[PDB]
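FYI, side chains are in, hydrogens and waters are out, and symmetry mates aren't considered; it's all heavy atoms of this structure. Just so we're on the same page: letters track the sequence lines, and every chain starts at 1.
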Amino acid sequence: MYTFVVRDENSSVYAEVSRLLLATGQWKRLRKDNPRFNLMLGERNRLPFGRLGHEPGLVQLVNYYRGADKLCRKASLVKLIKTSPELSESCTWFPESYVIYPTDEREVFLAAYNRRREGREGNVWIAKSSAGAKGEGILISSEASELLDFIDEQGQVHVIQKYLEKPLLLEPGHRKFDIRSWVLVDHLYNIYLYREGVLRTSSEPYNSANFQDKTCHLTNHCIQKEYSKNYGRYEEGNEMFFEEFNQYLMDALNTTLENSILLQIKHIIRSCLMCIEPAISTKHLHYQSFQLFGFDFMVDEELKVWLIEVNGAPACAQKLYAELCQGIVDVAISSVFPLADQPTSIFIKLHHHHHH
Amino acid sequence: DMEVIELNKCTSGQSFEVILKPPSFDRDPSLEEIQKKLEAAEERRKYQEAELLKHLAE
Amino acid sequence: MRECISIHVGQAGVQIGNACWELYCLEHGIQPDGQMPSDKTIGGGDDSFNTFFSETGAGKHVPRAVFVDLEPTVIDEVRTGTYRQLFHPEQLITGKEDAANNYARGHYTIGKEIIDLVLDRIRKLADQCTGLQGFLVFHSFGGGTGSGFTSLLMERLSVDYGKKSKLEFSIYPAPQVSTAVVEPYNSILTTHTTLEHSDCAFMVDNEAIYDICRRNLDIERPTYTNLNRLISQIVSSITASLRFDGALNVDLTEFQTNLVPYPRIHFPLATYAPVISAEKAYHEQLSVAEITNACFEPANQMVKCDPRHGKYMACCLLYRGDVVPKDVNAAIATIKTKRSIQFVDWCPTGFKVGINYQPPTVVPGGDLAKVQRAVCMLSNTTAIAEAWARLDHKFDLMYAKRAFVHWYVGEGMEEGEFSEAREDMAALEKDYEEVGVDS
Amino acid sequence: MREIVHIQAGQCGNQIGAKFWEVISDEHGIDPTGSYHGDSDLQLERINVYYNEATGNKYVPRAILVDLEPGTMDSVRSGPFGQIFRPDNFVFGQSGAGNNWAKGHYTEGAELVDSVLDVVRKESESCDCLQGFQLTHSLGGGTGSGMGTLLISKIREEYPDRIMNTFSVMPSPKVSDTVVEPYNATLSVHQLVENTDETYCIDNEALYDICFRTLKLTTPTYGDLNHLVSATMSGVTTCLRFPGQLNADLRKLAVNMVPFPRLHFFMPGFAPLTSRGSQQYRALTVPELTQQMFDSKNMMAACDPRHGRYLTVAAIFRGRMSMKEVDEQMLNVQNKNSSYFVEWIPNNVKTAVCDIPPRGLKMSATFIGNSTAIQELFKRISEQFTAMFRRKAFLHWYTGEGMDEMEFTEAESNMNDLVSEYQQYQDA
Ligand SMILES: Nc1nc2c(ncn2[C@@H]2O[C@H](COP(=O)(O)OP(=O)(O)OP(=O)(O)O)[C@@H](O)[C@H]2O)c(=O)[nH]1
Ligand SMILES: Nc1ncnc2c1ncn2[C@@H]1O[C@H](COP(=O)(O)OP(=O)(O)CP(=O)(O)O)[C@@H](O)[C@H]1O
Ligand SMILES: Nc1nc2c(ncn2[C@@H]2O[C@H](COP(=O)(O)OP(=O)(O)O)[C@@H](O)[C@H]2O)c(=O)[nH]1
Ligand SMILES: COc1ccc2c(c1)NC(=O)CN2c1nc(Cl)nc2ncccc12
Ligand SMILES: [Ca+2]
Ligand SMILES: [Ca+2]
Ligand SMILES: [Ca+2]
Ligand SMILES: [Cl-]
Ligand SMILES: [Mg+2]
Ligand SMILES: [Mg+2]
Ligand SMILES: [Mg+2]
Ligand SMILES: [Mg+2]
């Protein structure tokens, strides 16, 4: 009998992993604060990583990588990409971004803004805090005079980032989307991309000039269900899955999902996680980590993928819970703690070793 | 970029300092107070012991 | 030349002291009787080894050592063992009944009745010193004597020798070899009361040494003898600079200058490599790069913790054997590209390096193989606060129900001392948080 | 901390006490004349804990034998190891106590208690460092119960900084001499709660059930019951008597086992369970020892440990075996049954090992548990007590010796408080 503890009651994913583990009959759940666990499904804040791996006679595993928040806070994601030589200042798949406080980059942000003031070509940006995420605290603007004043009107740290003026638009609709990819990093630092992603679709035709239509410009699920009158028209829940998006790309643009988009996604995922591997790996450590991430991508008119955000505590889409959570158990949990006694994996392994 | 500094050698060994980057930015109580704490604790012991011996006398 | 007095308190302190003096004698070519043939100044001298050994008219080399235990059985093995001749009877001080794993019993009850004797025996050695420099105190956190008596002793040493430096070697409690459930209480009580009296303290977690002995020495169930011989190798690395010629860490004050910029944050992490089994038939000797790289693996640390998730205030590399600066600098350059070595913004990112050409000496018949080069890294990293967080959480669990508290109150200690001591540790954990972490 | 002074009081006290000295004398190589004819040097390195050394290098138990009747002590002189004991340590009256606590504690026993204390003092004065005392007695009679607790009170007055330890045999209607046992036991429990540091609860109910259900003895005698007691007593004193990595004493045992001063009643266990003249041909494996020692069927107190939580546990493995395998098994028990160990005392199970096994066994394990399920023992006695006390039945045997009903009411209350107190830490 293996043992686990549950310290995040609000996690839909790990609620289902808890159910699946109990239902095997070889995993018992203990109380939150019983230290004699094999598996910790941990809290989001102040997870006490320093107490893990000091219980003799127990291999201990946790569902978070200590240090993975360098990837998963917007401000720190930008610092990571700018300062790491693996992902240069010239990194071609991240939008040009600058960190800004009420350390700071305001005068270097304006120095690239003045190339656009002497430019005839595109000055729309976006401003965001790393976790003011209720659908709010997002300003689009053609100039900094509205941004810098708006950033000080809110309390916390913010990032100013290029707004992708010409995104790819699904027809019928002339409408926006982002892509959510679920990536599981195991204890051996295998990077596993889940084969099913999902497009979080806008249901309102795109653009005006007076941007303020958090519905056509912002594709968050909460924003579509409240402000969008057209929520649920083309696909239910404003969620287009891969079979349909592949089919559209074949019919409308004569390419596949794989070629036009997924290669770039796999490249980005792999480059991000291999960058931070030396800082977070648990390879020779006294406890072990796995983690599920949610990578969020934009696609432009040119079929170029851009990385928007990395979520360290993602929710799944409702159809997919069953399959993804069963995959977390097989790959991330039963790999360390094996059960007793034709498989095709739901993940694609990201490895690539080119010689030069 | 590694500057090697204050190299000192001798027959049994050598020592030195290596800098890779410069700095990025810029009540002991008396004998009496100790005695008046050990003695205080001893009084609490004697008190507890006398209380026990009062109880046993009852 | 400035002398250092070593003080070994409780079972842990005494047995580790034995191991260290055994080792020191083998390193300096001093026999069990105390004779040192290679010493040609008979009857005295101001050589570097005389920091740790005094000399008699008959050419006997006598440790500047005091052994203190509240029960006699462990020090009786010193009195009757291989190095019985080495020590003078007045150096070996014993009571009749121990502290029963109770800090309050070691500090208040039994401590009060022997403290004036021990200071008098310490004063006898201090009177033989031309320039007393200070003290090295060896003890457990978990024992009643190790914790209780040591904290009292340290308070007094500050009164009687206020200008002298005091260093600790402290064994941090591990359940896998501990005999007591109240070690978290004891550990926190002694840390609270000792903190202002110690200039620099090297913690050794018995968990780390136990597991090093498992993985690297192929020992199924490590005894204290196994643990202590490994610890003494490390203690020897740390002290080599005081007993040998050199220009790094030549005096107790320098440990503080080099490792402790913030006085309360005075717990450097030791990491040691290589640890290689004597029974291993074919061993490929490890290079400067491989052993220096080994100093950044948690599996080789004296406390299991993760330096990648904290910040450094200082780092010292102490090499023994076949090492030259060129190899060290080439190793360090390679290591800085591959690993996460973040210093605090108000210190230089750098390493003070000390090399002694004599390779490590091993005890004949022991578990450690001879090696051509070894290193001990001393780094003051905020990651060591993980150990404090583990210990404090255990303390919080027990103290929330007042479990075992009556045993301490019954020795004359007040309940408030628990919360006062625990508050100091909350402040200590927060100090480490401030220094080592960003929002 | 070396010398322990042993006291045995009453019929039960002296029968188990005699068997204890028989068993450990054989384990330490000592014969009925007190001459050492052993081979190992471990059998003498801490022989002074229980024995005084006399002229001719004879070993003499630091043992005082007390009773109000001469009968059982004359049987002890006649018994196999009867000549070992110091003759001056036989302290006995003539009246007997008639299974009456009041006679033992207030009338007949007061008359004899001072002469017992003289012998205690004589033994204590000779001690280089006295740890404290161990008493064997029943709680259901009059002498062991009533006088034994009077003695405990007096000894605490004169040696208030020494450890008091008891092996206290609890009465049961399955092995019952008289109906007043629940009265004598309840009156004794009050005393033990105030005046002992650690008490081994040896439940005659459990010893019977083990003899009947497990050892297949249809008609258990006191000898069958005492075979279980003497094996348990040997076991629990192992680390006091033998050198190992844990050289324990009565205080360290107390400090580490007792988190709250009143909750000092332990549940002992033993594995493998044997009957006298056993066919133990198959030595147990370390997993078997470990599984059995924690089994409720191996508990010497008739309580279900799954009805409470372990505050602390001490475990003694005896024989030649893998210390690694012992650690693994001991860790497996805790990790696989973790709800039954209070989380608010971290690492509350400690284990010792001794190379020398008891007689007749290659391997054995002894369990010492401080569990909150011991309240079951105390509730049982309390229910038996109340059934009689609500009608004042049989009280005249006690009022005749000067006792008042109020003293019964206080004893009932204190024992029910003890039960509530265990219950307080079972829920937490
Ligand atoms: N590394 C090491 N640890 C030890 C040794 N002896 C004891 N310990 C540890 O020290 C703690 C117990 O404290 P001790 O030093 O034995 O106790 P003491 O200072 O003698 O105090 P009392 O016996 O309580 O008077 C436990 O965590 C042990 O594992 C030793 O020789 N080496
Ligand atoms: N640089 C950019 N250019 C154009 N549109 C962008 C953009 N960055 C974000 N968006 C839009 O805003 C949305 C995401 O905003 P944000 O990155 O703050 O997510 P969020 O933290 O509010 C919820 P979640 O963490 O689940 O993604 C996307 O759906 C996308 O349509
Ligand atoms: N286990 C055990 N119990 C006994 C023995 N002798 C008596 N008893 C129990 O002890 C109680 C009677 O007390 P006893 O010791 O005979 O009275 P005392 O001589 O006045 O102390 C009853 O509960 C008996 O069941 C014995 O040899 N072994
Ligand atoms: C936390 O549990 C304990 C429980 C018991 C102890 C200790 C910690 N630590 C000791 O010094 C004394 N002691 C023990 N004392 C004796 Cl007498 N026997 C033992 N047998 C087997 C095991 C521990 C034993
Ligand atoms: Ca000389
Ligand atoms: Ca000072
Ligand atoms: Ca009379
Ligand atoms: Cl001074
Ligand atoms: Mg977010
Ligand atoms: Mg997003
Ligand atoms: Mg000790
Ligand atoms: Mg009888």
Side-chain angles (χ1 to χ4, degrees), chain C residues 97 100-102 105 179-182 403-404 406-407 410, chain D residues 1 3-9 13 16-17 20 49-50 130-137 139 144 148-149 151-153 155-156 159-170 188-203 229 232-241 246 248-270 299-301 303 310-316 345 348-350 352 366-375 377-378 418 421-422 425:
Chain C
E97 58 179 345
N101 307 154
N102 188 346
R105 199 168 170 92
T179 39
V181 297
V182 294
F404 306 95
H406 72 276
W407 288 113
Chain D
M1 294 294 282
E3 295 101 352
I4 293 167
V5 176
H6 171 93
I7 304 160
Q8 51 190 62
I16 73 181
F20 170 77
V49 175
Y50 282 100
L130 176 69
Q131 304 192 36
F133 309 93
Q134 69 173 45
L135 171 72
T136 56
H137 70 320
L139 304 197
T149 53
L151 270 164
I152 284 160
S153 200
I155 288 165
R156 187 171 186 190
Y159 309 91
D161 62 349
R162 299 290 143 87
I163 296 301
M164 179 56 71
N165 175 231
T166 72
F167 295 85
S168 295
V169 173
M170 314 278 135
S188 277
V189 169
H190 190 161
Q191 300 298 311
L192 301 173
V193 177
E194 306 298 343
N195 295 328
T196 71
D197 297 296
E198 52 223 351
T199 289
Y200 298 102
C201 302
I202 295 159
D203 189 353
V229 173
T232 290
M233 286 184 67
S234 166
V236 301
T237 59
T238 299
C239 300
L240 304 174
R241 280 184 301 120
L246 184 45
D249 65 32
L250 300 168
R251 194 175 299 282
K252 284 191 192 198
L253 174 66
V255 175
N256 290 291
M257 289 297 294
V258 189
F260 303 106
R262 290 156 57 82
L263 315 186
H264 61 264
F265 297 94
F266 307 149
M267 184 178 308
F270 188 85
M299 301 298 160
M300 304 295 152
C303 308
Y310 286 117
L311 302 178
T312 59
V313 177
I316 308 89
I345 306 186
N348 67 352
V349 188
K350 293 294 173 187
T366 303
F367 172 87
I368 304 168
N370 189 354
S371 167
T372 61
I374 201 68
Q375 69 175 290
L377 192 149
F378 296 122
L418 184 64
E421 206 184 325
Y422 280 114
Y425 299 111

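The distance from the CD1 atom of D:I152 to the CD1 atom of D:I7 is 7.5 Å, given to the nearest 0.5 Å. Expressed to the nearest 0.5 Å, how far CE of D:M233 lies from CZ of D:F270 amounts to 13.0 Å. The structure places CG of D:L139 at 7.5 Å from OG1 of D:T166, a figure rounded to the nearest 0.5 Å. Taken to the nearest 0.5 Å, the OG1 atom of D:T149 stands 12.5 Å off from the CD atom of D:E194. Remark: D:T232 OG1 to D:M299 CE distance equals 10.5 Å, nearest 0.5 Å. To the nearest 0.5 angstrom, D:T199 atom OG1 is 9.0 Å from D:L135 atom CG.
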Report task. Dump the intermediate steps for side-chain contact (heavy atoms from CB on, under 4.5 Å) on D:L377 and D:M267, then the final yes or no. Result -> CA-CA 10 Å; D:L377 192 149; D:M267 184 178 308; over 6 Å; no
Query raised in the report: Between D:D249 and D:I163, is a side-chain contact (heavy atoms from CB on, under 4.5 Å) present by the stated rule, with each step listed?
Result: CA-CA 10 Å; D:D249 65 32; D:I163 296 301; over 6 Å; no
Query raised in the report: So D:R262 and D:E421, side-chain contact (heavy atoms from CB on, under 4.5 Å) or not? Walk me through it.
Result: CA-CA 9 Å; D:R262 290 156 57 82; D:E421 206 184 325; 2.7 Å; yes
Report task. Apply the test side-chain hydrogen bond (donor to acceptor under 3.5 Å, both in side chains) to residues D:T196 and D:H264: give CA-CA distance (whole Å), side-chain angles for both, the deciding distance (0.1 Å), then the verdict. Result -> CA-CA 8 Å; D:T196 71; D:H264 61 264; 2.7 Å; yes
Report task. Could you check D:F20 against D:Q134 for side-chain contact (heavy atoms from CB on, under 4.5 Å), going step by step and ending with a plain yes or no? Result -> CA-CA 12 Å; D:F20 170 77; D:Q134 69 173 45; 3.6 Å; yes
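In this structure the side chain of C:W407 never reaches within 4.5 angstrom of the side chain of C:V182, judged on heavy atoms. For the pair D:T366/D:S234, no side-chain contact is recorded, criterion being any heavy-atom separation below 4.5 Å from C-beta on.
Residues meeting the salt bridge (charged side-chain N to carboxylate O under 4.0 Å, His left out) test with D:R241, sequence neighbours left out: D:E27. For D:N256, the side chain to side chain donor-acceptor pair (under 3.5 Å) test picks out C:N101, with sequence neighbours left out. Residues satisfying the salt bridge (charged side-chain N to carboxylate O under 4.0 Å, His left out) test with D:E3, not counting sequence neighbours, are none. Legend: residues meeting side chain to side chain donor-acceptor pair (under 3.5 Å) with D:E198, ordered by chain and number and at least two apart, are absent. Every residue two or more places apart in sequence or in another chain that forms a ring pair (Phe, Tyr, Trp, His ring centres under 6.0 Å) with D:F167 is listed here: D:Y200. In this view, D:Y425 and D:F260, D:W344 satisfy the ring pair (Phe, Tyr, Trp, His ring centres under 6.0 Å) rule, not counting sequence neighbours.
Among D:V229, D:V169, D:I16, the single residue meeting the side chain to side chain contact (heavy atoms under 4.5 Å, CB included) criterion with D:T136 is D:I16. Looking at D:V258, D:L263, D:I374 one by one, the single match for side chain to side chain contact (heavy atoms under 4.5 Å, CB included) with D:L311 turns out to be D:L263.
Closest heavy-atom contact between D:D161 and D:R251: O-NH2, 2.9 Å. A pairwise comparison of heavy atoms in D:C201 and D:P268 identifies O-CD, 3.3 Å as the closest pair. Contact between D:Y422 and D:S371 at its shortest, heavy atoms only, is CE2-O, 4.1 Å. Scanning all heavy atoms of the two residues, the minimum distance from D:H137 to D:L192 falls at NE2-CD2, 4.2 Å. C:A100 and D:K252 make their closest contact through CA-CG, 3.8 Å (heavy atoms, listed as atom of the first residue, atom of the second, distance).
Ring geometry, D:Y310 versus D:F367: the interplanar angle exceeds 60°, so the pair is classed perpendicular (tilted spans 30 to 60°).
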